[PDB]
């Protein structure tokens, strides 16, 4: 026969309202929603996944994802299941000299999982930052190549770790973080800061991983960084998984 680990729907696009520590915002999600299927059961009930999403008007947060995942495995009459919800996430930032405010966008995934009435949750957040090359600075009489970099942090904890917490962990460690709106003094600040704080992809993943190890709510994690090397047409890349 063969049991199926997960069966359900993938990439249902759906508007959501999201509440986190700093505020509530409206965004647009892709959802994948699946349940365990026992060896002798032929199929699951595909329409119920969509039925569940249409019924809940509730704002999404850590508590609401748990409640959705519970109601899902109940509704589909299964022992286990997963909801993963992916979305762009906005945060208001303050330029470092002018203090002019502007949004930046991050890509987030939240997963909730039931196994035999036990719940687990995990999250993934992609944070774009500036990386600048220490080797380039050191060998060159002037200048240093630099590029946008995508730092992706996956983690699982028991206590809630906020999206913005993960963002701050990474942005703190970057050669320089990004802003949508920069005035001339802000551009000057950012250029010089990056140049004063060059980091290899190695340095970045180690620097971030140390911060996460220190956060005792975190049970496991992966930190990746991809740097879109401005002098090549391919990327430098690294990752650390823990434990």
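Numbering follows the first chain given and starts at 1.
Asks: Quick one: higher average CA temperature factor, 17-25 or 226-234?
Replies: The recorded data point to 17-25.
Asks: Once you work out the mean C-alpha B-factor for both 211-219 and 50-58 from the entry, which is higher?
Replies: Result of the comparison: 50-58.
Asks: Would you mind checking which of 116, 164, 107, 171 has the top Cα temperature factor in the PDB entry?
Replies: Highest CA B-factor of the listed options: 116.
Asks: Using only the C-alpha B-factors in the record, can you name which of 123, 76, 151, 103 has the highest?
Replies: Largest recorded C-alpha B-factor: 76.
Asks: Determine, from the deposited record, the chain-internal third of the Cα B-factor for residue 129: lowest, middle or highest.
Replies: For residue 129, the deposited C-alpha B-factor lands in the lowest third.
Asks: Against its chain's modelled residues, does residue 147's Cα B factor rank lowest, middle or highest third?
Replies: Lowest third of the chain for residue 147's C-alpha B-factor.
Asks: Split into thirds by Cα B-factor across the chain's modelled residues, where does residue 183 land: lowest, middle or highest?
Replies: It belongs to the highest third of the chain when residues are ordered by C-alpha B-factor.
Asks: Where does residue 141 sit by CA temperature factor within its chain: lowest, middle or highest third?
Replies: Highest third of the chain for residue 141's C-alpha B-factor.
Asks: Check where residue 67 lands among this chain's C-alpha B-factors and tell me if it's the lowest, middle or highest third.
Replies: Top third by C-alpha B-factor.
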